[PDB]
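Top to bottom, those sequences are chains B, A and C.
Those letters in the first sequence? Residues 186 to 197, 201 to 262, by PDB author numbering.
Numbering-wise (PDB author numbering), the second sequence opens with residue 188 and increments by one.
Numbering-wise (PDB author numbering), the third sequence opens with residue 33 and increments by one.
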Amino acid sequence: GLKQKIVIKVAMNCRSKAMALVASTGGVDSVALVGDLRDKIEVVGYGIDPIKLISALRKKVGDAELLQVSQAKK
Amino acid sequence: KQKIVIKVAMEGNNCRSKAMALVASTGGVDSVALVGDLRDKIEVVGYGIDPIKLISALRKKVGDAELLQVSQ
Amino acid sequence: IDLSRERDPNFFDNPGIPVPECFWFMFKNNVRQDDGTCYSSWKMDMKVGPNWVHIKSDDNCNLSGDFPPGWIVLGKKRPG
């Protein structure tokens, strides 16, 4: 199987709470604050359910929008 | 801009999730990544990170943690 | 639109997967909305305005996909 890349836009110290929450998700290899405004989370890992993660972000942090799903190439 | 790498005794009981969450929540952190084949080291990148505090927190809340690297 | 005069996407290369070879930039009416990195000779699903779009990249980071009117996603190689 291949690794996943997920980018989520989040309303955002919400940044620490969002990073903490995504970093705590099963199968996560990394989380990074990306974009000029540091308002995006890029997640890399395996077996991450993006619908489950957007739900957790909305219920814990605030408005969250799925922007990108893609696999790692090799 | 800092890069900090920490070896953590992460064995069993979703200690990885616990330690990633703890590091991810730290002041000044832009990115956190499990690194090495065994994903048994954490790479932290950001601004104004206190590596003493972070190591303390990890030994308190998770398991043994060793600074492998700090660079700027 | 001229990708020479758009500054670099704020990025983070996960060290456990290969380094993606392309920068991308998304515009609504020739205004930048969003940016990031992607692999050459690959694909990604992206939200572009109201629609999910399958974006294919070739080996030069040119991006094709059915973009809603007023929107485009353009791509270029990172140094090397």
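Here a beta-carbon is modelled for each residue, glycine too, at the ideal position from N, C-alpha and C.
*So which residues of chain C does B:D224 contact, with C-beta pairs closer than 7 Å?*
Translated into the one-based positions of the first sequence, residue 224 of chain B becomes position 36. Annotation: Cβ neighbours of B:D224 in chain C (cutoff 7 Å, chain order): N42.
_On a Cα-Cα basis, can you pick out the residue from A:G215, A:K194 and A:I242 that is closest to A:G235?_
Against the second sequence, residue 235 of chain A aligns to sequence position 48. Of the residues A:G215, A:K194 and A:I242, the one whose Cα lies closest to the Cα of A:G235 is A:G215.
*Using a Cβ-Cβ cut-off of less than 9 Å, give me the residues of the stretch 243-254 of chain A that come near chain B, in sequence order.*
Listed in chain order, the positions of the stretch 243-254 of chain A with a beta carbon within less than 9 Å of a beta carbon of chain B would be empty, since no residue qualifies.
*For my contact list, C:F55 and C:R110 are in at a C-beta cut-off of 8 Å; report their separation, rounded to the angstrom.*
Working through the third sequence from its first residue, we reach residue 55 of chain C at position 23. Working through the third sequence from its first residue, we reach residue 110 of chain C at position 78. Right, their Cβ atoms sit about 6 Å apart.
*Can you name, in chain order, every residue of its own chain whose Cβ lies under 8 Å from the Cβ of C:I104, other than the five neighbours on each side?*
Within the third sequence, the letter at position 72 stands for residue 104 of chain C. Once the five neighbours on either side are set aside, the close Cβ partners of C:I104 are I33, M58 and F59.
_Contact list for A:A211 against chain C, beta-carbon separation under 9 Å_ = One-based indexing of the second sequence puts residue 211 of chain A at position 24. Correct list: empty, because the minimum Cβ distance to chain C is about 13 Å.
*Straight-line Cα distance separating A:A196 from A:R203*: To locate residue 203 of chain A, count along the second sequence from 1; it is residue 16. To locate residue 196 of chain A, count along the second sequence from 1; it is residue 9. Roughly 9 Å separates the two Cα atoms.
*Quick one: any contact between the stretch 219-226 of chain A and the stretch 239-248 of chain A, if contact means 3 or more CB pairs under 8 Å?*
Not touching, per the Cβ criterion.
*With a Cβ-Cβ cutoff of 8 Å, do B:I229 and B:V257 count as a contact?*
By 1-based counting over the first sequence, the position of residue 229 of chain B is 41. By 1-based counting over the first sequence, the position of residue 257 of chain B is 69. In this structure, B:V257 does not lie closer than 8 Å to B:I229 by Cβ.
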